[PDB]
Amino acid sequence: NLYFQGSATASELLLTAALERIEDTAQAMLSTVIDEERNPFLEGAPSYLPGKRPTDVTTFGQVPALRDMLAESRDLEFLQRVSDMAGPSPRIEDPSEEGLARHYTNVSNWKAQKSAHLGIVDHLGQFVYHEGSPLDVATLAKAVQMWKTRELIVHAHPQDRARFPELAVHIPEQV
């Protein structure tokens, strides 16, 4: 309306082959974690299930890729990029039901982007995910989320690749 200026979000205008590949891979990893109940962060994608998992791997800290991303998620430069992508807190564009509807969506999306990583905190300000975190469906799904997040950051800012190195991911010869 007249005295209302909506908040805009950062975007990749085109679905380039690079971006599609990030998406397709992220999806495969999610499939690996949730469908296959396997860990795409270790060579051969071993199970994470008690009874099937590697005897000596039961926590985030015992998986190098996850120990790495845990540290990145505490990094100010990473968190800055997440804020840059998510943008500022959403501001309603129009004081109307349609405006409010769009605002709802903007707020959901913003929250979604802000917390798509392993460095988020609980209601007491403590990190939800740490080196002692179990490898399970929820924790690994979050790790895959962060994998996508860091790859989207690097696509947008290629020079950030040096800071957030490529990590090997392992998709079952099935998926």
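Don't overthink the numbering: it's just position in the shown sequence, from 1.
- Checked against the record, the higher mean CA B factor of 31-39 and 120-128 lies with 120-128.
- Between 2-10 and 164-172, the higher mean Cα B-factor belongs to 2-10.
- Among the modelled residues of its chain, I22 has a C-alpha B-factor that falls in the lowest third, as given in the PDB entry.
- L100: CA B factor in the lowest third of modelled residues in this chain (values from the PDB entry).
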